[PDB]
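Okay, so here's the structure we're looking at.
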Amino acid sequence: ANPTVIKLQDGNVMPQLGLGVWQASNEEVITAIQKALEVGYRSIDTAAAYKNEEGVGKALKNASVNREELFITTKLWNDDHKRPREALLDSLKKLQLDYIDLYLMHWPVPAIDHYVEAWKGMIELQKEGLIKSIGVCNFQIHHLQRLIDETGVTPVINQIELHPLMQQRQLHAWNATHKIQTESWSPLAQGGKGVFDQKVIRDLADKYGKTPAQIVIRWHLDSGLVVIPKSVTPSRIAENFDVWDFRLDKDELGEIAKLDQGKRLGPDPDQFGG
């Protein structure tokens with residue numbers, strides 16, 4: 001089978017599986033992306049706060065894949081909410097791109113409460129064609145309503161922490177109802193601790209001849225989620241992409257559903273930045 005794509009509410013199309021690039025050094029970043037593009041990834045996710053957009057930009061030039069075939073995502077950092085134009089141009093410059101495929105607000109930072117300002121600015125940069133699609137990361141239902149109520153413009157993506165231990169059934173449901181595509185970061189529950197070692201996952205891994213990480217990524221896919229596993233290890237970047245030759249059954253998905261503990265492993269959307 002071919003890697004699937006998802007059509008966003010604004011009509012733009014996005015690969016359902018992409019590579020997340022975080023903290024890492026330029027060395028790790030350039031090598032990771034070269035490996036991912038080589039194996040088939042067409043979606044690369046980075047952030048201005050990680051300080052490696054330049055490395056990401058250099059890897060894209062070096063690559064043979066054409067720009068138009070690449071779906072690049074970057075994000076607006078917390079202390080730039082009042083100046084999205086300045087932040088975006090700085091990103092586009094470092095990435096060596098004329099436009100970004102998806103621009104996401106990294107965090108709402110409700111304590112500062114400038115996320116509405118950021119969104120209005122993003123709405124304007126999108127009109128000028130510098131951004132194809134706009135969305136957010138780590139936005140809770142009330143943050144989303146506030147954006148909708150104040151601008152009439154709904155995000156096409158809400159990138160949130162979601163894995164077998166915190167399935168976010170509620171936010172996922174709410175996103176979908178409002179035509180917002182849910183995207184998972186930390187899809188492997190940072191390491192797999194409390195997941196890969198579960199009987200349901202292990203048996204699935206053995207039935208399909210896949211690694212537990214491959215089972216979990218397939219789970220995100222069959223759940224209709226866009227997923228961004230993060231990795232800078234060549235063999236794992238490849239492993240995580242080898243999930244197109246099988247699908248989990250309704251019953252198998254139901255079995256994984258029992259793992260939900262509502263356990264958040266990363267920063268708290270309602271407190272981070274405050």
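To be explicit about the labels: the chains of the structure tokens are called A, B, and onward in the order shown, and within each one the residues are counted from 1, while ligands get numbers from 1 in the order they are shown.
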>> Using only C-alpha atoms, which protein or nucleic acid residues come within 12 Å of range 139-142 of chain A? Drop anything in the same chain fewer than 3 positions from it, and give the result as a ChimeraX atom specification.
In response: /A:104-110,115-116,135-136,145-149,154-155,157-161,168,170-178,180,182-183,268-272
Those same residues - C-alpha atoms - I'd like them written as a PDB file, in the first residue's frame.
```pdb
ATOM      1  CA  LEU A 104       1.145  26.073  14.157  1.00  0.00           C
ATOM      2  CA  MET A 105       1.019  28.058  17.363  1.00  0.00           C
ATOM      3  CA  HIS A 106       3.328  26.038  19.632  1.00  0.00           C
ATOM      4  CA  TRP A 107       1.368  26.635  22.895  1.00  0.00           C
ATOM      5  CA  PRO A 108      -1.596  28.780  23.882  1.00  0.00           C
ATOM      6  CA  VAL A 109       0.135  30.066  27.035  1.00  0.00           C
ATOM      7  CA  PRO A 110      -3.232  31.118  28.575  1.00  0.00           C
ATOM      8  CA  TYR A 115      -2.889  33.571  21.572  1.00  0.00           C
ATOM      9  CA  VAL A 116      -5.852  35.320  19.978  1.00  0.00           C
ATOM     10  CA  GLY A 135      -3.326  25.361  13.074  1.00  0.00           C
ATOM     11  CA  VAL A 136      -2.323  25.007  16.714  1.00  0.00           C
ATOM     12  CA  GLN A 145     -13.690  28.069  21.217  1.00  0.00           C
ATOM     13  CA  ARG A 146     -12.065  31.393  22.083  1.00  0.00           C
ATOM     14  CA  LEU A 147     -10.311  31.423  18.680  1.00  0.00           C
ATOM     15  CA  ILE A 148     -13.502  30.508  16.855  1.00  0.00           C
ATOM     16  CA  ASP A 149     -15.652  32.987  18.785  1.00  0.00           C
ATOM     17  CA  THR A 154     -11.031  27.457  12.880  1.00  0.00           C
ATOM     18  CA  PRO A 155      -7.676  25.659  12.976  1.00  0.00           C
ATOM     19  CA  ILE A 157      -4.927  20.997  12.840  1.00  0.00           C
ATOM     20  CA  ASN A 158      -4.627  20.659  16.637  1.00  0.00           C
ATOM     21  CA  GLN A 159      -1.326  18.871  17.360  1.00  0.00           C
ATOM     22  CA  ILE A 160      -1.538  17.347  20.846  1.00  0.00           C
ATOM     23  CA  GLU A 161       0.133  14.731  23.049  1.00  0.00           C
ATOM     24  CA  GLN A 168      -7.698  12.079  24.381  1.00  0.00           C
ATOM     25  CA  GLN A 170     -12.770  13.871  24.328  1.00  0.00           C
ATOM     26  CA  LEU A 171     -10.537  16.477  22.621  1.00  0.00           C
ATOM     27  CA  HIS A 172     -10.210  14.153  19.644  1.00  0.00           C
ATOM     28  CA  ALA A 173     -14.017  14.002  19.396  1.00  0.00           C
ATOM     29  CA  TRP A 174     -14.395  17.753  19.797  1.00  0.00           C
ATOM     30  CA  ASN A 175     -11.685  18.472  17.172  1.00  0.00           C
ATOM     31  CA  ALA A 176     -13.412  16.202  14.648  1.00  0.00           C
ATOM     32  CA  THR A 177     -16.854  17.704  15.304  1.00  0.00           C
ATOM     33  CA  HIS A 178     -15.407  21.103  14.454  1.00  0.00           C
ATOM     34  CA  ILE A 180     -10.205  20.089  13.148  1.00  0.00           C
ATOM     35  CA  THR A 182      -6.151  15.791  15.376  1.00  0.00           C
ATOM     36  CA  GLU A 183      -2.379  15.267  15.085  1.00  0.00           C
ATOM     37  CA  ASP A 268       0.569  20.915  30.656  1.00  0.00           C
ATOM     38  CA  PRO A 269      -1.293  23.049  28.023  1.00  0.00           C
ATOM     39  CA  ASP A 270      -3.020  25.040  30.746  1.00  0.00           C
ATOM     40  CA  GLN A 271       0.136  25.899  32.698  1.00  0.00           C
ATOM     41  CA  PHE A 272       3.108  25.800  30.326  1.00  0.00           C
TER      42      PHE A 272
END
```
>> If we count only C-alpha atoms and set the cut-off at 10 Å, which residues sit around residue 223 in chain A, ignoring sequence neighbours fewer than 5 positions away in its own chain? Please answer as an NGL selection string.
In response: :A and (217-218 or 248 or 250 or 253)
>> as an MDAnalysis selection string, please: every residue in range 7-118 of chain A that DSSP puts in strand (DSSP E).
In response: chainID A and resid 7 13:15 19:20 43:45 71:76 100:105
> Which one is closest to residue 216 in chain A: A:133, A:66, A:190, A:9? Count only C-alpha atoms.
Replying inline: A:190
>> Can you pull out every residue from range 29-233 of chain A that DSSP, working from the backbone, puts in helix (DSSP H, G or I), and format the result as an NGL selection string?
In response: :A and (29-39 or 48-50 or 53-62 or 67-69 or 78-80 or 84-95 or 115-127 or 141-151 or 169-177 or 199-208 or 212-222)
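For residue 262 in chain A, the set of protein, DNA and RNA residues having any atom at most 10 Å away, when counting only C-alpha atoms and skipping those fewer than 3 positions along the same chain, is residues 162, 163, 164, 165, 166, 167, 168, 169, 259 and 265 of chain A.
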Once you have the residues from the selection above, write them out as an mmCIF file, in the first residue's frame, restricted to N, CA, C and O atoms.
```
data_model
loop_
_atom_site.group_PDB
_atom_site.id
_atom_site.type_symbol
_atom_site.label_atom_id
_atom_site.label_comp_id
_atom_site.auth_asym_id
_atom_site.auth_seq_id
_atom_site.Cartn_x
_atom_site.Cartn_y
_atom_site.Cartn_z
ATOM 1 N N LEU A 162 -0.712 12.568 22.355
ATOM 2 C CA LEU A 162 -1.702 11.512 22.287
ATOM 3 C C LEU A 162 -0.987 10.193 22.032
ATOM 4 O O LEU A 162 -0.215 10.063 21.082
ATOM 5 N N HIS A 163 -1.248 9.218 22.900
ATOM 6 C CA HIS A 163 -0.642 7.892 22.814
ATOM 7 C C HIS A 163 -1.537 6.890 23.554
ATOM 8 O O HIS A 163 -2.561 7.270 24.120
ATOM 9 N N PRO A 164 -1.171 5.595 23.556
ATOM 10 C CA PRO A 164 -2.010 4.608 24.242
ATOM 11 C C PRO A 164 -2.355 4.882 25.703
ATOM 12 O O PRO A 164 -3.386 4.412 26.182
ATOM 13 N N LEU A 165 -1.515 5.636 26.413
ATOM 14 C CA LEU A 165 -1.794 5.936 27.821
ATOM 15 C C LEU A 165 -2.653 7.200 28.038
ATOM 16 O O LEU A 165 -3.166 7.437 29.148
ATOM 17 N N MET A 166 -2.790 8.011 26.988
ATOM 18 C CA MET A 166 -3.636 9.212 27.023
ATOM 19 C C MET A 166 -4.229 9.392 25.628
ATOM 20 O O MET A 166 -3.723 10.147 24.794
ATOM 21 N N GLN A 167 -5.331 8.693 25.400
ATOM 22 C CA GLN A 167 -5.977 8.679 24.099
ATOM 23 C C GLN A 167 -6.812 9.901 23.704
ATOM 24 O O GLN A 167 -7.275 10.005 22.558
ATOM 25 N N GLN A 168 -6.969 10.834 24.640
ATOM 26 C CA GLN A 168 -7.698 12.079 24.381
ATOM 27 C C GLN A 168 -9.002 11.865 23.592
ATOM 28 O O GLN A 168 -9.258 12.572 22.620
ATOM 29 N N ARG A 169 -9.824 10.911 24.013
ATOM 30 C CA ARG A 169 -11.067 10.645 23.310
ATOM 31 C C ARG A 169 -11.915 11.900 23.202
ATOM 32 O O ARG A 169 -12.498 12.179 22.164
ATOM 33 N N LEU A 259 -6.164 0.678 27.146
ATOM 34 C CA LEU A 259 -4.938 1.144 27.788
ATOM 35 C C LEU A 259 -5.006 2.590 28.274
ATOM 36 O O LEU A 259 -4.166 3.020 29.062
ATOM 37 N N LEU A 265 2.293 12.899 29.825
ATOM 38 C CA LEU A 265 3.726 12.766 30.058
ATOM 39 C C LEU A 265 4.490 14.053 29.790
ATOM 40 O O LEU A 265 5.543 14.286 30.379
#
```
